[PDB]
Amino acid sequence: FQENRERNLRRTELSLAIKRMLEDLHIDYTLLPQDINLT
Amino acid sequence: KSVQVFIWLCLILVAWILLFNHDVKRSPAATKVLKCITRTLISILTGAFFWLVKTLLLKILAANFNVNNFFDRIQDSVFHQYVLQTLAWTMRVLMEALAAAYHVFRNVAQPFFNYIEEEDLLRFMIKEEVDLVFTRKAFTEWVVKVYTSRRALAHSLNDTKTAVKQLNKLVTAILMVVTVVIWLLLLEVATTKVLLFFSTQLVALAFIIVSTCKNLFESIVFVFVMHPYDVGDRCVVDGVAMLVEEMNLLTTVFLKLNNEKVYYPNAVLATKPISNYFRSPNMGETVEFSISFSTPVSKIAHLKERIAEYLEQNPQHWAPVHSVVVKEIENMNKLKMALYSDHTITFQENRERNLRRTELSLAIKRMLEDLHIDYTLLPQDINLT
Amino acid sequence: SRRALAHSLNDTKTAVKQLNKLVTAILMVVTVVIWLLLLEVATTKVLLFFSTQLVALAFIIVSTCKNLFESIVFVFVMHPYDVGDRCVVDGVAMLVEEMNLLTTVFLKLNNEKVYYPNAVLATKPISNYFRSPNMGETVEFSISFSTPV
C-alpha cells in the first residue's frame, strides 16, 4: 500500500472492469414492489 | 558581560583571601565579622555562578530557536533593505526592522509599463541581483507579501523574546531565593531545629505545588524542545484549523477562521497531535462528485483527458500531477470518484485556497455539463388495485 | 529507494547525536558534582541542602524525564517503523518524514505535516506498510436476489 497512486489506479481499473462485466452479464437490481390503492 | 563579572569577582575574592590569609588574632569579635564577610563573599560568588549558568541556558535555548529565527529574519531584512533601496548585532537589527508600498512601487516603475522597469533595477542594483530578486501588479503583490512576512517574523521574534524574558524572570526569582537561603544557612543565624522545621515546610510546599510545577515545566519542554509551531503559522488542533497569535509559558493565543481568540493550555497540547501548515510542502485537495453507473467508459476517458488538459493549462494554480479514482460502488446506481490535485501554495492562505477550490468546482460542473452526464434514481414500479 | 535509505540513515544519525548530547550533558554534570564532593570544598550541611534541592528538581522533572525516556524506549527498543515508510495511526494513513526523541514528523495523503508525540504512540497500535507483505483489496457490489446461480 506504499504506492498510494498505483494502488488507487489499480483499484479504479478493477472497479471499471467489474462494472463492464456486470453490464455484459445483464444483471439488474430492482427495488421492493410497492402497491397503491386509490380511494 | 557574565564572564567578565565572574572573573572580576573571583579575582577579588582570591586577592582578599590571600591578603587575609595571615593568622593574626586582632580581636575575638573581629573574627566573627571576618567570618560573616567571607561567608557573604562566597554567597555572592555562588549567586554569580548561578546567574552565569542561567544566562548560559537562556542563550543556548535562544540560539537553538535563533538558527531558524535569524535565518528568516535576515532574509526578510535583506528583502526589505533591497525594496527600500529600489524605492547580537543581527538580533538588534532584526528587532529594529500595503497601499503606500504599492503606490511607491508604481511610482518607481515607468508609467504605462506593466513589466518591471529594467532600467530602474539596473540603476539601483546589478542585473544579476535584480533577476535573482525578481507585471507591475505582480511586483506590488510580491512586495506586499514580503512586507507582511517580515512583519510576521518580527512579531514572532517579539513573542519569543517575551517568553524568554518570562522564563528568565522565573529562573532569576528561584535563584535569588535559593542563594538567599544559602546565605542564611551559611551565617548560622538560626538554630538547627528551626532549620529542620523550615526544611519540612519547604517539602510540604513542594508537595503542594507538585501539579503546577509539573505542568509548567512540561509546558516549557513542549514550547522549546518540541517546537511544533511558531507565531503566525496556521495549525490544526483536534481537526479544526487555528492560527497562532502569541505564545506564553502556559497560554497560547489562537485565532480561528472567524477570528476567535482561544486560550489553549500548553500542557494539554503536549498530549495531542499538532499540524503545521506553514512548514508543510505544497498541499493537496479532493473534490467529490458522483455520476450514473451506466455511463460508457468513453465518457469517463474524455472527462479524464479534459481534466488533465485543464490542470496542465493552468500551472500557476495546480501542478500537472493529478489522479482520478473511484472509491466504491453502492447499489450500482451512482459511482463515487474523487479528484486529487496539488495546489501551488499551502493551506495558510485560506481565502485563496477557497477561491481556487470554488473555481475548480465550477470548472468540473461545466465539464460535466458539456459531456452530457446525468444521474437517475433507481427505477420504481407501482401496481394499482 | 537509495535516497530514502540515505535520508533515513541521516535521521537516525541525528537522533543518535541528540541522545549522545543529552548523555554527555548528564555525565558532565554528574562528574562535576563528583569532583566538587571529592575536593570537600564545601561543608556537609550545604551538601545536604544541595542534595535536597536535587531531589526536588527530580520530583519536578518526573513527568518530562519519564516521557522522554519512554520515548527513547519506543524509538529504539520497539522500533515499529523507519523513515520513508507509510504507516496507519488511528486508522489514517501517515508517512514518516523525520524521527526525533520526542517529535516525529509525519506526512498525510495531502502532504500534511503533523507532529506526533512519541509518548502517545507508545499506547496506540502502529501499522507499517513497507514491512508488510503483498496486501489485499476488497470491492463491494450488490446484485438482485432473484438472479439465477
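Positions are assigned from 1 on a per-chain basis following the written sequence, which can diverge from the numbering of the entry; residues without coordinates are not listed. Each chain gets a letter, beginning with A, and each ligand a number, beginning with 1, in the order they are written. Each value given relates to the chains shown, not to the larger assembly they are part of. Each side-chain value is derived from all of the structure's non-hydrogen atoms; neither hydrogens nor water enter the calculation. Residues with missing side-chain atoms are left out of burial classes, side-chain pairs and their counts.

*Asks:* Any chance you could break down the overall build of chain A for me, citing the residues and the numbers?
*Replies:* The helix and strand inventory of chain A stands at one helix and one strand. Along the first, second and third principal axes, the C-alpha set of chain A runs to 65 × 25 × 10 Å. Buried means the residue's accessible area, taken with a 1.4 Å probe over protein chains only, is under 20% of the maximum for its type, while exposed means over 50%, and partly exposed covers the values in between. The buried share of chain A, reckoned over its 39 residues, is 26%. Per-residue accessibility takes into account occlusion by the displayed protein chains alone, with areas from the Shrake-Rupley method and a 1.4 Å probe. For chain A, the exposed area adds up to about 3100 Å²; of that, 56% sits on carbon and sulfur atoms. Positive charges are assigned to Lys and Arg, negative charges to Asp and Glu, while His and the chain termini are left out of the count. By convention, charge coordinates are those of NZ in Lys, CZ in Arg, CG in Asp, or CD in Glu. The average position of the 6 basic charges and that of the 7 acidic charges among the side chains of chain A differ by 10 Å. A run of H or I in DSSP counts as a helix once it spans at least four residues, and a run of E counts as a strand once it spans at least two, with each numbered from the N terminus.

*Asks:* Would you mind going over the overall build of chain C in detail, with residue names and values included?
*Replies:* Within chain C, the secondary structure is distributed over four helices and five strands. Expected size for 149 residues packed as a compact globule is a radius of gyration near 15 Å; at 24 Å, chain C overshoots this value by more than 25%. Each principal axis of the C-alpha distribution contributes one length, and for chain C these read about 95 × 35 × 25 Å. Taking as baseline every contact in chain C between residues at least 6 positions apart, the subset at least 24 positions apart corresponds to 48%. Two things to know: the radius of gyration comes from C-alpha atoms, and the globule rule equals 2.2 Å times the number of residues to the power 0.38. Whether two residues touch is decided by their heavy atoms; if any such pair falls within 4.5 Å, the residues are in contact.

*Asks:* Pulling in residues and values, what's your account of the packing of aromatic side chains?
*Replies:* For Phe, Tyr and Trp, where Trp contributes only its six-membered ring, two rings pair if their centres lie within 6.5 Å, and the inter-plane angle classes them as stacked under 30 degrees, edge-to-face over 60, or tilted in between. Both rings, one in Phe 1 of chain A and one in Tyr 129 of chain C, keep their centres 5.5 Å apart while their planes meet at 80°; by these two values the pair is edge-to-face. Of this pair, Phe 1 of chain A sits in the segment before α1 (4-25) while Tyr 129 of chain C sits in the segment after β5 (127-128), on two different chains. Cluster of aromatic residues (ring-pair linked, three or more members): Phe 222, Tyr 229, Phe 254 and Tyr 264 of chain B. A ring is scored as having a charge over it whenever the NZ atom of a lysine or the CZ atom of an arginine sits within 6 Å of its centre and within 35 degrees of its normal. Positioned over the ring face of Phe 347 of chain B is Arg 353 of chain B, at 4.2 Å from the centre of the ring.

*Asks:* I'd like to hear about the pattern of salt bridges, residue by residue, with values.
*Replies:* Any carboxyl oxygen of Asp or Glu within 4 Å of a side-chain nitrogen of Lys or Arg constitutes a salt bridge here. Salt-bridge contacts for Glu 260 of chain B lead to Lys 256 of chain B; the nearest nitrogen and oxygen are separated by 3.3 Å. Its salt-bridge partner being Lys 108 of chain C, residue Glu 112 of chain C comes within 3.3 Å of it at the nearest N-O pair.

*Asks:* Quick rundown of the side chain of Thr 104 of chain C? Include the residues and the values.
*Replies:* The residue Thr 104 of chain C is located in strand β3 (residues 103-107) in this model. The residues contacting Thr 104 of chain C, other than those within four sequence positions of it, are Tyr 81, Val 96, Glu 98, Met 99, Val 114, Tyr 115, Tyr 116 and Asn 118 of chain C.

*Asks:* Tell me about the packing of helix α11 (residues 297-312) of chain B against helix α12 (residues 350-371) of chain B, and name the residues and values.
*Replies:* All names here are of chain B. Every angle, taken between N-to-C directions, lies between 0 and 180 degrees, and every axis is a line fitted to C-alpha atoms, over only the stretch in contact when it is a helix. One can describe the packing of α11 onto α12 by two numbers: an axis separation of 11 Å at closest approach and a directional angle of 145°. Between α11 and α12 the crossing geometry is right-handed. Residue-level inspection shows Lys 299, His 302, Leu 303, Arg 306, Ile 307 and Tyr 310 of α11 in contact with α12, the latter providing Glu 359, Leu 360, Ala 363, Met 367, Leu 368 and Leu 371. Among the residues forming the contact of α11 with α12, the class breakdown is eight nonpolar, one polar and three charged. With the far helix as reference, a near helix turned anticlockwise by less than a right angle produces a left-handed crossing, and one turned clockwise produces a right-handed crossing. In this classification, the charged set is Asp, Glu, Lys and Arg, the nonpolar set is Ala, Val, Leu, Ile, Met, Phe, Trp, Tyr, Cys and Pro, and all remaining amino acids, among them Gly, are polar.

*Asks:* Break down the sheet that holds strand β7 (residues 318-330) of chain B for me, citing the residues and quoting the values.
*Replies:* Strands were regarded as paired on the criterion that DSSP finds at least two bridges between them. With respect to topology, three strands assemble into an open sheet ordered β6-β8-β7 (chain B), the strand pairing being antiparallel. Only two strands of the sheet have a single neighbouring strand rather than two, namely β6 (284-292) and β7 of chain B. Adjacent strand axes in the sheet meet at a mean angle of 20° when their direction is disregarded. As paired elements, β6 of chain B and strand β8 (residues 334-343) of chain B share nine bridges and run antiparallel to each other. Directly across from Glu 285 of chain B, in β8 of chain B, lies its bridge partner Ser 341 of chain B. α1 of chain A contacts β7 and β8 of chain B of the sheet and is inclined by roughly 45° relative to β7 of chain B. Of the strands in this sheet, β6, β7 and β8 of chain B are in contact with α12 of chain B, which crosses β6 of chain B at around 25°.

*Asks:* Outline the interface of chain C and chain A, listing residues and values.
*Replies:* Accessible area lost during the coming together of the parts is what is often quoted as the interface size. Contact with chain C, which involves 15 residues of that partner, is made by 10 residues of chain A. In the side of chain C that touches chain A, the residues fall into seven nonpolar, five polar and three charged.

*Asks:* Any details on the sheet that holds strand β2 (residues 240-247) of chain B? Residues and values, ideally.
*Replies:* On the basis of which strands lie adjacent, the open sheet formed by 10 strands has the order β4(B)-β3(B)-β2(B)-β1(B)-β5(B)-β4(C)-β3(C)-β2(C)-β1(C)-β5(C) and antiparallel pairing. At either end of the open sheet lies a strand with only one pairing partner, and these are β4 (261-265) of chain B together with β5 of chain C. Sheet topology note: the strand β5 (residues 274-276) of chain B/strand β4 (residues 113-117) of chain C ladder contains three bridges and is antiparallel. Directly across from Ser 275 of chain B, in β4 of chain C, lies its bridge partner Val 114 of chain C.

*Asks:* An account of helix α1 (residues 2-38) of chain C is requested, with residue identities and associated values reported.
*Replies:* Given the number of residues in a helix, its expected span is that number minus one, multiplied by 1.5 Å. In this model, α1 of chain C (37 residues) spans 52 Å end to end at C-alpha, consistent with the 54 Å of a helix rising 1.5 Å per residue. Downstream of α1 of chain C by one or two residues, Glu 40 of chain C has phi in the positive range, about 40°.

*Asks:* Now, about the interface of chain B and chain C: what can you tell me, with residues and values included?
*Replies:* With 31 residues of chain B in contact, the opposing surface of chain C contributes 22 residues. Tallying contributions element by element places helix α9 (residues 210-226) of chain B first for the side of chain B that touches chain C, with seven residues. Partitioned by chemical class, the residues of the side of chain B that touches chain C number 20 nonpolar, six polar and five charged.

That is the geometry; function is a separate question.
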